[PDB]
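Neighbour counts run over all protein chains shown; Cβ positions are idealised from the backbone, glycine included. The numbers here are math on the coordinates, done by the rules we state, and not lab data.
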Amino acid sequence: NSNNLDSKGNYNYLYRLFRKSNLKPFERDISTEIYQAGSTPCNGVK
Amino acid sequence: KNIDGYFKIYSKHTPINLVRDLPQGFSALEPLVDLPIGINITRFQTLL
């Protein structure tokens, strides 16, 4: 537990909630592009 | 070679004399260095 260390409130900790494919072992991905959950191309569109 | 971000290098040096074809002789390269590169390489370019 790191509540006494990481909890200020604190929100600078993020996780990837959406990705089109699952990551492989010991793999990382820092992609910033808007997740296209539908057929609509979200090229900057929200 | 590269596997799981662990890039391996092998090498060999031999005196030879041929114009354009590779030598017919048989030889084995030996492991040189391994680093956790952490990049799944799909492109490269030799620098001159």
* Whole-Hz Karplus ³J(HN,Hα) for the stretch B:33-48, in order, using 6.51 cos²θ - 1.76 cosθ + 1.60 and θ = phi - 60°, x for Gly and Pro? -> 8, 10, 10, x, 4, x, 10, 7, 5, 10, 8, 7, 8, 5, 9, 10
* In straight Cα distance, which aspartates and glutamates are under 18 Å from residue B:8, not counting same-chain residues fewer than 8 positions off? -> B:30, B:34
* Asked: Roughly speaking, what % of Cα-Cα pairs in chain A are separated by over 14 Å, rounded to a whole number?
  -> 66 percent
* Asked: For chain B, what Kirkwood radius comes out of the mean inverse Cα-Cα distance, in Å?
  -> 13.6 Å
* Along Cα→Cβ, 7 Å out, is where each label goes; now give me the distance between the ones at residue B:33 and residue A:22 in nm to one decimal. => 3.6 nm
* Asked: In terms of modelled amide H atoms, which long-range or inter-chain residues lie less than 5 Å from the amide H of residue A:34?
  -> A:44
* Structure fact -> Calc'd 3J(HN,Hα), the stretch B:17-26, phi into Karplus 6.51 cos²θ - 1.76 cosθ + 1.60 (θ = phi - 60°), Hz, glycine/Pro = x, comes to 8, 9, 7, 10, 9, 6, x, 6, x, 9
* List every residue whose amide H lies under 5 Å from the amide H of residue B:8, counting only residues 5 or more places away in sequence or on a different chain, with H placed 1.01 Å from N in the peptide plane. => B:2, B:3
